[PDB]
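Residue numbers (my numbering), protein chains in the order written: chain A, 505 to 949; chain B, 505 to 949; chain C, 3 to 52; chain D, 1391 to 1446. In what follows, a structure is listed as structure tokens, so that the remarks can point back to it.
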Amino acid sequence: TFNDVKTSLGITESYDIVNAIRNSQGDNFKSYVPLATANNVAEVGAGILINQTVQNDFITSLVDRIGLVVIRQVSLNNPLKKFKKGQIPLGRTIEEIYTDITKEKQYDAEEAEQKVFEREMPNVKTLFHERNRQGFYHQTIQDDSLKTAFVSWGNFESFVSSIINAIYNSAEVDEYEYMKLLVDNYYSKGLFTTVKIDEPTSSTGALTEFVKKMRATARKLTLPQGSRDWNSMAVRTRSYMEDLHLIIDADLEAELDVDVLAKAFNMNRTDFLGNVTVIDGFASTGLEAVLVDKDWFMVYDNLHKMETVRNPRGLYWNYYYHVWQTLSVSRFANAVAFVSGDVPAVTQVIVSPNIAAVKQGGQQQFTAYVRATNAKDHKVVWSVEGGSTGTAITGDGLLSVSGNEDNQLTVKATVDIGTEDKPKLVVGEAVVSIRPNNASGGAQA
Amino acid sequence: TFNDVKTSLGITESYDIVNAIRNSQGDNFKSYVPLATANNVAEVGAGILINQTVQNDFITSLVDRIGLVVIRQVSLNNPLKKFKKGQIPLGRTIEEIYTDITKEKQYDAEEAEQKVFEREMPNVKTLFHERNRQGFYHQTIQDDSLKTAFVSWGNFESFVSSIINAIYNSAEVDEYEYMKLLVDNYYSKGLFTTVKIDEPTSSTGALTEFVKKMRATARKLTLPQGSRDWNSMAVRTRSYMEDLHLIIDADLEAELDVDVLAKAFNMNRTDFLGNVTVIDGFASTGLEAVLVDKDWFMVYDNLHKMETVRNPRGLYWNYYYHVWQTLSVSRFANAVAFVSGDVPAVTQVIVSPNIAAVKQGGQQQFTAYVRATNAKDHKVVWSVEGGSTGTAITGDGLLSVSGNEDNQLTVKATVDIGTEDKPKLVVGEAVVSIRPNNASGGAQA
Amino acid sequence: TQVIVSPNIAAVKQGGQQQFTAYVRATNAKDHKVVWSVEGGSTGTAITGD
Amino acid sequence: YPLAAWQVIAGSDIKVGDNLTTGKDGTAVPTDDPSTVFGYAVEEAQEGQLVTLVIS
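Structure, rendered in structure tokens:
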């Protein structure tokens, strides 16, 4: 059902090889002058998009046939699938619970006469995950109308077996792409612990600097005493060298082994210390070479159903392949970003306990963890949003809730970056609900 | 729910059988007088189309009952089911290739000095039969509404199988009606070789003349040298006697038995040659009988599925019975029509090579066969239609081609039938591809 | 380098719709506009952006 | 099938919002004299191109 469609259809020729390029020349193309049939090789040698039916050269009533039919079969996969966690049939939310270390008290036998039964609570931080992805894939197969496209049931069944895999390849493509989105989501929110590097494309020396900061950071993570940076929740966590996964694209993997590793004599000294997963590349600006634990990913599966239906009077199957999955990342495992280019001086203020509850009249102590990307100092200004008449933080994060008050205080911790003409503020927030205090009684004297 | 419908619904009463018994005495209705209940048998004795509720004769409150349910299950067939060639599961198009005979040349002996390697292509004609009928059938079985209509499961189930048979019998009947259509198509297109003879059911000798022309034409088909006179492609083909099939209608069968085969001391010397199938009759006007080979019919099956579906909401089953089949006719096989009325003088102009591919500037010989009845000395007026100047054909058919043609040609062979006031033109046609040459002389002298 | 319309062979019923899309090979990594234009048609047949 | 808008071949150049009336061969042309107005164009069209506008 088509007309006289030309061969050079969707082709803008950067130069015509058919004309004076191979005809009128005293240059490079002189080796194609002795070819005789070269015009037709130049015409349809790239392939023909539409098969016009060609008569036989000798007996024009006959029709030339299709000799060989090739069915190209592709198999796509997910490199990031090795970071998945399992299946969640029931429920939606994932409660993640980390119990952190506490503070020492001094021994005193005399104060221990009255401070038995005293209370010191744990330092628990919680984090919450949720099903994000629920989409489906739809592929229709009309069985019976495809049989006119075929001889040879081997090629008919291989083509039908290919359309089902194209529903299965569309899951591998998207789940790689969603798990790549978890890196760029978590970098746009400033939650990575960024490390400023110079650009490794530019020189071999700035690459040699870059290799050190990977081997240094990977040592710092695996220190047995732990570290209260390198995560966004700012708790102390050790990591393991067999669990640190580097996610580095092939542009940066090619500059490494050509410059650093080949010219080195001791490859296990400038190596990258762990597991280098090779990504196609990040989508942000300047983000290179993410270093994360394997527990940083929290990817679970909710359902994998191939639900079908059949239209009788159409004689086709509709394949509905549903994928529902929980795609989120931890803030307890360590996550280091290696960023070239302009960074903020301070990317993140983290406030100790993110949530708190305190009786009206009580008090609460805070700690502003500053993720400054450089050896610099930054004084923190504390603040109370929603306070009124007595609720005030006294500097250094000691909230003193007054009394009379229940309207859910908000505690800010600001680091000012820059000039007074551009006072750039990096604010970390905590929310405080107020439990009432009936031990007082209104008036006092 | 119906109101007062009489038991005479569409009844056209030839006479009152009640009064012809009651009044008239001495005639043939006198034997119905000693019948006691003849007025009641005469009333509802033909069946009633609409059931009036009839009360009981002893107690008027009760109603009379439907005691017996009789389900007619008529199965039908296809009388032409023997003509089918099989099944094509894969592919769409069927190609028939016929290699015709060639023309003799005189022994040259001095023109062969330059013609040793001159080449002459065979007369290979071809034909392409593609899939035509792509249909389905359709029934609703709203069985929950049907359970009120029956009081037994033996009659509920025999009626449900009765609707399934109507799906299959409709396939049987319509496959017959397409295979009659292929005869009336081929006759309307004038591809049947008309044997022109007045009606067999008009007189006794016109019945015998038919039988003399039947066994003559069946002999002329099977001659071991063949003939061009009975195709629509005019190739020398040869029929065999066991493969000839005669498709007379039902009156023409009974005229053979009673009028010539009864009086036949030697019935083998009177009856029809070849196999004789008996059909209801051809739709076309005047077409009395059709004599074809077994190869004239090309009916292949492509699909026979039945798929069901259940509507849970309306509580019914759909029954879709799909029939896909290739319903085509081989133009290479001998087929003769016997036609009663006035026919035209020429029914078809057959043009030889008929798919040409000249060189641009070259020449092709075209010959035209003319189908005729009385025959005549008619004429053939050649032409050619394509937008070039140059490109003229002779009165002998030798098509000249311009050196700058670049358009597909359409060579005609027109025979005029009738007067110049209202001319009937029977036109045989061809096509010509041009195959551009490379003379590169733009302006000769 | 090259622009690629992704439904290469298409078949549309008269009075129907079809959604075409275009891939643009470009070395410069610059944003490039794709100018949709239908041809060979009559009065009535028109294409929009995307 | 009460249409709220039509596609009519422009008998001239038509601007968006122009009131339209019948022209040569039944084509749509710009007007200015209420009585001749049958519709208002919603898109610009050149002579020979269809223009789609609301009736009113």
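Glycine residues also receive a C-beta, built at the ideal position from the N, C-alpha and C atoms.
Let me make sure I understand the geometry here. Which of the options has the alpha-carbon closest to that of residue i?
i                      : options                        : result
residue 829 (chain B)  : B:534, B:817, B:820, B:806     : B:806
residue 883 (chain B)  : B:900, B:555, B:621, B:523     : B:900
residue 814 (chain A)  : A:645, A:545, A:907            : A:645
residue 848 (chain B)  : B:796, B:864, B:930            : B:930
residue 875 (chain B)  : B:693, B:948, B:775, B:617     : B:693
residue 628 (chain A)  : A:512, A:886, A:859            : A:859
residue 902 (chain B)  : B:872, B:879, B:544, B:793     : B:872
residue 1393 (chain D) : D:1433, D:1440, D:1419, D:1429 : D:1429
residue 1427 (chain D) : D:1413, D:1397, D:1399, D:1433 : D:1413
residue 582 (chain A)  : A:944, A:643, A:677            : A:677
residue 870 (chain A)  : A:887, A:756, A:878, A:706     : A:887
residue 747 (chain A)  : A:910, A:702, A:719, A:798     : A:798
residue 636 (chain B)  : B:525, B:553, B:832            : B:832
residue 785 (chain B)  : B:842, B:827, B:771            : B:842
residue 1405 (chain D) : D:1423, D:1396, D:1433         : D:1433
If you draw a straight line from the alpha carbon of residue i to that of residue j, how long is it in whole angstroms?
i                      : j                      : result
residue 1431 (chain D) : residue 695 (chain B)  : 57 Å
residue 838 (chain A)  : residue 700 (chain A)  : 17 Å
residue 759 (chain A)  : residue 550 (chain A)  : 34 Å
residue 822 (chain A)  : residue 811 (chain A)  : 9 Å
residue 840 (chain A)  : residue 593 (chain A)  : 32 Å
residue 725 (chain B)  : residue 683 (chain B)  : 23 Å
residue 1435 (chain D) : residue 1403 (chain D) : 6 Å
residue 541 (chain A)  : residue 574 (chain A)  : 26 Å
residue 1442 (chain D) : residue 13 (chain C)   : 26 Å
residue 922 (chain B)  : residue 1437 (chain D) : 51 Å
residue 852 (chain B)  : residue 715 (chain B)  : 26 Å
residue 924 (chain B)  : residue 896 (chain B)  : 24 Å
residue 537 (chain B)  : residue 653 (chain B)  : 40 Å
residue 734 (chain A)  : residue 795 (chain A)  : 10 Å
residue 641 (chain A)  : residue 679 (chain A)  : 13 Å
residue 651 (chain B)  : residue 660 (chain B)  : 7 Å
residue 889 (chain A)  : residue 824 (chain A)  : 50 Å
residue 649 (chain B)  : residue 818 (chain B)  : 10 Å
residue 865 (chain B)  : residue 928 (chain B)  : 34 Å
residue 891 (chain B)  : residue 933 (chain B)  : 17 Å
residue 647 (chain B)  : residue 668 (chain B)  : 13 Å
residue 751 (chain B)  : residue 722 (chain B)  : 13 Å
residue 710 (chain A)  : residue 703 (chain A)  : 7 Å
residue 655 (chain B)  : residue 663 (chain B)  : 12 Å
residue 917 (chain A)  : residue 880 (chain A)  : 17 Å
residue 908 (chain B)  : residue 620 (chain B)  : 31 Å
residue 986 (chain A)  : residue 936 (chain B)  : In this structure chain A extends from 505 to 949, so residue 986 (chain A) is not present and cannot be described.
residue 1411 (chain D) : residue 50 (chain C)   : 27 Å
residue 543 (chain A)  : residue 512 (chain A)  : 13 Å
residue 719 (chain B)  : residue 570 (chain B)  : 58 Å
Can you tell me the Cβ-Cβ gap for residue i and residue j, rounded? I've got them flagged as a contact below 8 Å.
i                      : j                      : result
residue 804 (chain B)  : residue 589 (chain B)  : 6 Å
residue 673 (chain A)  : residue 580 (chain A)  : 4 Å
residue 1445 (chain D) : residue 1417 (chain D) : So it is not a contact: roughly 17 Å between Cβ atoms.
residue 844 (chain A)  : residue 792 (chain A)  : 6 Å
residue 522 (chain A)  : residue 546 (chain A)  : 5 Å
residue 630 (chain A)  : residue 601 (chain A)  : 6 Å
Please name the residues in the stretch 552 to 585 of chain A whose beta-carbon is closer than 8 Å to at least one beta-carbon of chain B, in chain order.
For the stretch 552 to 585 of chain A, the residues whose beta carbon sits under 8 Å from a beta carbon of chain B are, in order, 559, 562, 563, 564, 565, 566, 567.
Residue ranges of each alpha helix (DSSP H) within the stretch 540 to 625 of chain B, 4 or longer: Note on the stretch 540 to 625 of chain B: whole alpha helix (DSSP H) runs with a minimum of 4 residues are 542 to 545, in chain order.
Counting only runs that start and end within the stretch 852 to 930 of chain B, where is the alpha helix (DSSP H) found for 4 or more residues in a row? The stretch 852 to 930 of chain B contains no whole alpha helix (DSSP H) run of 4 or more residues.
### Task
Can you give me, in chain order, the residues of the stretch 585 to 599 of chain A that have a beta carbon less than 9 Å from any beta carbon in chain C?
Those residues of the stretch 585 to 599 of chain A that come within reach of chain C (Cβ to Cβ, closer than 9 Å) do not exist; the list is empty.
*According to a CB-to-CB cut-off of less than 7 Å, which residues of the stretch 33 to 50 of chain C neighbour chain D?*
Contact annotation: in the stretch 33 to 50 of chain C, residues whose CB is within less than 7 Å of a CB in chain D are 45, 46.
> Which residues, in chain order, does the stretch 817 to 836 of chain B contribute to contact with chain A at a C-beta distance below 7 Å?
Replying inline: When C-beta distances to chain A are compared with 7 Å, the residues of the stretch 817 to 836 of chain B below that value are 822, 824, 826, in chain order.
Requested in this report: Jot down the residue ranges of each uninterrupted beta strand (DSSP E) in the stretch 631 to 673 of chain B, minimum 3 residues, whole runs only, in chain order.
Outcome: If you keep only unbroken beta strand (DSSP E) runs of at least 3 residues inside the stretch 631 to 673 of chain B, you get 637 to 645.
Exercise for the section: Could you please tell me which residues of the stretch 1393 to 1425 of chain D, in chain order, have their CB closer than 9 Å to any CB of chain C? Expected result: Legend: CB atoms of the stretch 1393 to 1425 of chain D lying less than 9 Å from CB atoms of chain C belong to residues 1397, 1399.
Next item on the list: Identify every run of the beta strand (DSSP E) within the stretch 666 to 726 of chain B, keeping only runs that are complete inside it and at least 3 residues long; order them along the chain.
Entry: Listed in chain order, they are 697 to 700.
Which residues of the stretch 598 to 626 of chain B have a Cβ closer than 8 Å to any Cβ of chain A? Give them in chain order. Within the stretch 598 to 626 of chain B, the residues whose Cβ lies closer than 8 Å to some Cβ of chain A are 599, 601, 625, 626, listed in chain order.
*Give, in chain order, every unbroken run of the beta strand (DSSP E) that is at least 3 residues long and sits entirely within the stretch 722 to 797 of chain A.*
Runs found: 749 to 753, 779 to 783, 791 to 796.
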